[PDB]
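Participant: Sequence first, structure after, both from an experimental entry:
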Amino acid sequence: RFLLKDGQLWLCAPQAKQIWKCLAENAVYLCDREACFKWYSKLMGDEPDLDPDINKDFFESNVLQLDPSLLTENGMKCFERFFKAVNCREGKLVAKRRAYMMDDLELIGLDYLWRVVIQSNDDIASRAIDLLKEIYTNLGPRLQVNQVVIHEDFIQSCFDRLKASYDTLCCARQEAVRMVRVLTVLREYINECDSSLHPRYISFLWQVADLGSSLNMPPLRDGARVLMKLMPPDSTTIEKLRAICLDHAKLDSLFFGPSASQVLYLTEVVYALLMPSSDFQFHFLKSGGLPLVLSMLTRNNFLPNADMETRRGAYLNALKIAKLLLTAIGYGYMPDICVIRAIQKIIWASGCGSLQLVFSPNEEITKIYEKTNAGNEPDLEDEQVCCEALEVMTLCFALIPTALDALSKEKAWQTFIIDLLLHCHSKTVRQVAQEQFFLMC
């Protein structure tokens, strides 16, 4: 390296092979590969030393032929510079100031840069995604009129890769990472776009989230849900609900679709429309709004095939709509006792961290309360599941004053306040528990 620093010599391809092919490509110890990777990283630093004709030769000859499964962090910065230097020399990219911004689309290295992220460990995939977002999102002149063409082409390609990866499950844990990473490609991709139109993009994604609970893969649901949330509401779905609401103004199956996850997204859509759109509240309450929200909360077959976060995610969203429904109708009767028994049962398990037991005989929920190994801590999201649940209970009791009168007699509605004020934890829930008990008083 030091000899080839100021001697003005060009590292010819023949000797470039033997230092490459026979040294690290066929090695024994991992440090042997580490040595060659970093040595290349400094060698091509900011100025070529093999001359561009060899640079376009040996990088595309066997450097790209390296197995992505055996590649480390040092393999990234050399690989990135190869993408930057080789592409900008032929006229496929431009260095510009720092970021080698896009000029062509059929890049010589994009063929296996997808392979690098699809088949690697956690750190390598992140860097590969970092490079994909760096090149794809950053677009400049001479294609600046073609955002739709480039962005849609990128989106459809991943969806095809997602769909191709999807059908394999129907190595299962390995392919599960493939969906996680290909979605991981998608999520930061749209991040720089801000700084979709196809209904199929969510319809397929609906089944994707359900498959996450089919094998109980946590990040799959997380990946799909974050992707949907960081995605402006689907045009087809938003018009469909208001059309049926308008149709019923002059729907039960809409929110009770057999697919589990799509219920969560549809509930998310309505609440987003309701909160700041002024007319949708009137249409929703008129057709079936308040009767449905209580029915979907008081029923056991609301989502029989529900994962832990899916059902509570269905809950935490549903109760949010129940707020503005009751407040609007407050200025001026379906609510009854059976509705409350569910809502109290929601908070029962919610402050226990055991919403899965929200269909328990209610004696078990007491049992975990009395210092059961200190393992009933509510999650940072179970805290809300209690919070908007309590305030809804206050609004309903304002509508029906006599309902709370009968509740004092039973054993329930006595241990309920004791648990929510003494045996509960994570004070913020207990803060609203007492405070909302005061308003009803």
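Facilitator: Sure, I can see it. Residues are numbered from 1 along each chain as shown.
Participant: Now do the helices in the stretch 201-350 of the chain.
Facilitator: Using DSSP state H, counting those that start in this stretch, the helices of the stretch 201-350 of the chain run over residues 218-229, 235-249, 252-255, 260-274, 278-287, 289-298, 308-330, 337-350.
Participant: so can I have CSV of those helices showing distance to residue 16?
Facilitator: Backbone N, C-alpha and C define where each C-beta goes, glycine included. CSV is the format used below for the helices of the stretch 201-350 of the chain (distance: least, Cβ to Cβ, whole Å):
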stretch, distance to residue 16
helix 218-229, 41
helix 235-249, 55
helix 252-255, 64
helix 260-274, 52
helix 278-287, 66
helix 289-298, 67
helix 308-330, 53
helix 337-350, 64
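Participant: measure residue 383 to residue 424 for me?
Facilitator: To residue 424, residue 383 is 11 Å away according to Cβ to Cβ, to the nearest Å.
Participant: Look at the two and report which has more neighbours.
Facilitator: More neighbours surround residue 424 than the other of residue 383 and residue 424, with 20 against 15 (other Cβ atoms under 10 Å).
Participant: how far away is that one from residue 378?
Facilitator: From residue 424 across to residue 378, the span is 8 Å (Cβ to Cβ).
Participant: Give me the common contacts of those two.
Facilitator: Taking Cβ atoms under 8 Å, 6 or more residues apart in numbering as the criterion, residue 424 and residue 378 both touch residue 351.
Participant: ok, and the closest non-adjacent residue to residue 33?
Facilitator: residue 24 (4.6 Å; Cβ to Cβ, 6 or more residues apart in numbering).
Participant: List the contacts of the nearest residue to residue 138 once chain neighbours are set aside.
Facilitator: Excluding its sequence neighbours, the residue lying closest to residue 138 (Cβ to Cβ, 6+ apart) is residue 101, at 4.8 Å. Contacts for residue 101 (Cβ under 8 Å, 6+ apart) come out as 93, 94, 138, 139, 140.
Participant: what about the residue lying closest to the fourth one once chain neighbours are set aside, how many residues close to it?
Facilitator: So the one you mean is residue 139. Residue nearest to residue 139 in three dimensions, not counting chain neighbours: residue 102, with 5.3 Å by Cβ to Cβ, 6+ apart. Neighbourhood size, residue 102 [other Cβ under 10 Å]: 22.
Participant: Same check on residue 333?
Facilitator: Applying other Cβ under 10 Å, we find 8 residues neighbouring residue 333.
Participant: now it: how far from residue 290?
Facilitator: If you measure residue 333 against residue 290 using Cβ to Cβ, the figure is 10 Å.
Participant: And residue 50, by the same measure?
Facilitator: Separation of residue 50 from residue 290 (Cβ to Cβ) stands at 73 Å.
Participant: can you check residue 404 too?
Facilitator: Between residue 404 and residue 290 the distance is 19 Å, computed by Cβ to Cβ.
Participant: The two: who's more crowded?
Facilitator: residue 290 (20 against 16).
Participant: dump the residue contacts of that one.
Facilitator: Contact analysis of residue 290 by Cβ under 8 Å, 6+ apart lists 322, 325, 326, 329, 334, 335.
Participant: For the residues you listed, pick the one with the most neighbours.
Facilitator: residue 322 (24 neighbours).
Participant: contacting residues for the residue nearest to residue 139?
Facilitator: So residue 102 contacts 93, 135, 136, 138, 139, 140, 143 (Cβ under 8 Å, 6+ apart).
Participant: Pull out the buried residues from the residues you listed.
Facilitator: 93, 135, 136, 139 (16 or more other Cβ atoms under 10 Å).
Participant: Tally up the residues packed near residue 98, please.
Facilitator: Neighbourhood size, residue 98 [other Cβ under 10 Å]: 7.
Participant: mind listing what the closest residue to residue 100 other than its chain neighbours touches?
Facilitator: The spatial neighbour of residue 100 that comes closest, neighbours along the chain excluded (Cβ to Cβ, 6+ apart), is residue 84 at 4.3 Å. Taking Cβ under 8 Å, 6+ apart, we find residue 84 in contact with 93, 95, 100.
Participant: Likewise for residue 176?
Facilitator: Taking Cβ under 8 Å, 6+ apart as the test, what residue 176 contacts is 169, 215, 217, 220.
Participant: Swap in 10 Å and give it another go.
Facilitator: By Cβ atoms under 10 Å, 6 or more residues apart in numbering, the contact set of residue 176 is 165, 168, 169, 211, 212, 215, 217, 218, 219, 220.
Participant: between the contacts of residue 290, which is nearest residue 314?
Facilitator: Nearest to residue 314, judged by Cβ to Cβ, of the contacts of residue 290 is residue 322 at 12.8 Å.
Participant: And the closest one, how far from residue 439?
Facilitator: Distance check for residue 322 against residue 439: by Cβ to Cβ, it reads 16 Å.
Participant: can you check residue 368 too?
Facilitator: Taking Cβ to Cβ, one finds residue 368 at 28 Å from residue 439.
Participant: who's more crowded, the two?
Facilitator: Neighbours per residue (other Cβ under 10 Å) separate residue 368 from residue 439, with residue 368 holding more: 19 against 13.
Participant: quick one: the more buried one and residue 353 touch, right?
Facilitator: Yes. Between residue 368 and residue 353 there is a contact under Cβ atoms under 10 Å: 8.1 Å.
Participant: Mutual contacts of these two, please.
Facilitator: 375, 376.
Participant: I'd like the distance between residue 392 and residue 432.
Facilitator: Using Cβ to Cβ, one gets 12 Å for the distance from residue 392 to residue 432.
Participant: neighbour-wise, which of the two wins?
Facilitator: residue 392 (26 against 19).
Participant: So what's the residue count around residue 97?
Facilitator: Applying other Cβ under 10 Å, we find 7 other residues in the vicinity of residue 97.
Participant: make that residue 137, sorry
Facilitator: Look at residue 137: counted by other Cβ under 10 Å, it has 20 neighbours.
Participant: Thank you, goodbye.
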